[PDB]
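A.B. asks: Here you go, one structure.
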Amino acid sequence: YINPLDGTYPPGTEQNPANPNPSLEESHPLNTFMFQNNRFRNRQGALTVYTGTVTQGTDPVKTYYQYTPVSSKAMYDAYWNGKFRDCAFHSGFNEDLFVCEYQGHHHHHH
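According to the entry's author numbering, the residues represented by the sequence shown are 102 to 211, in order.
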């Protein structure tokens with residue numbers, strides 16, 4: 102068995118050229134899309150997964166949505182096999198986060 106989710110590609114490297122810096126968005130841009138009931142970032146072919154919200158500065162605390170570049174080849178592989186190619190490139194760009202039509206391989210299970 103090989104676990105493709107093992108995070109074997111650390112960002113900020115030659116092996117993974119994706120920016121290793123987790124990104125913070127105060128509010129979700131229309132170029133962002135949700136996949137697998139999660140929120141995902143597509144940036145120049147780089148796929149980012151949200152780790153959650155982050156607070157910085159206290160009273161008022163600033164809370165931003167944090168997206169960390171996926172270190173797991175399987176998420177990128179999902180892109181390269183044209184399953185994210187089929188969904189991440191829809192115009193949308195309407196006043197809300199874009200919803201992806203793909204939701205994983207669920208035609209064996211409900």
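All C-beta atoms in this analysis are idealised placements derived from N, C-alpha and C, irrespective of residue type, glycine included.
Whose C-alpha, out of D160, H208 and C188, is nearest the C-alpha of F141?
C.D. replies: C188
A.B. asks: Is it buried or exposed, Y102, if we count other Cβ atoms within 10 angstroms and call 16 or more buried?
C.D. replies: exposed
A.B. asks: Going by the beta-carbon positions, is the gap between residue 63 and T133 smaller than 8 Å?
C.D. replies: Any answer about residue 63 is impossible in this case: the structure gives the chain only from 102 up to 211.
A.B. asks: Across which residues does DSSP place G153 in a beta bridge pair?
C.D. replies: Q167
A.B. asks: Who are the Cβ neighbours of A119 in its own chain at under 6 Å, not counting the five residues just before and after it?
C.D. replies: Sequence-distant partners of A119 (beyond 5 residues in either direction) whose C-beta falls short of 6 Å from its own C-beta, in its chain, are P112, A147 and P170.
A.B. asks: Go to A175, then tell me how far its alpha helix (DSSP H) extends in each direction, as first and last residue.
C.D. replies: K174 to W181
A.B. asks: Going by DSSP in three states, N139 sits in which element: helix, strand or coil?
C.D. replies: strand
A.B. asks: Of all the options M176, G183, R186 and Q204, which has the alpha carbon lying nearest to the alpha carbon of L106?
C.D. replies: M176
A.B. asks: If I measure Cβ to Cβ from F136 and keep anything under 7 Å in the same chain, skipping five residues before and after, which residues do I get?
C.D. replies: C201 and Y203
A.B. asks: Whose C-beta lies closer than 6 Å to the C-beta of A179 among residues of the same chain, with five residues either side of it excluded?
C.D. replies: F185
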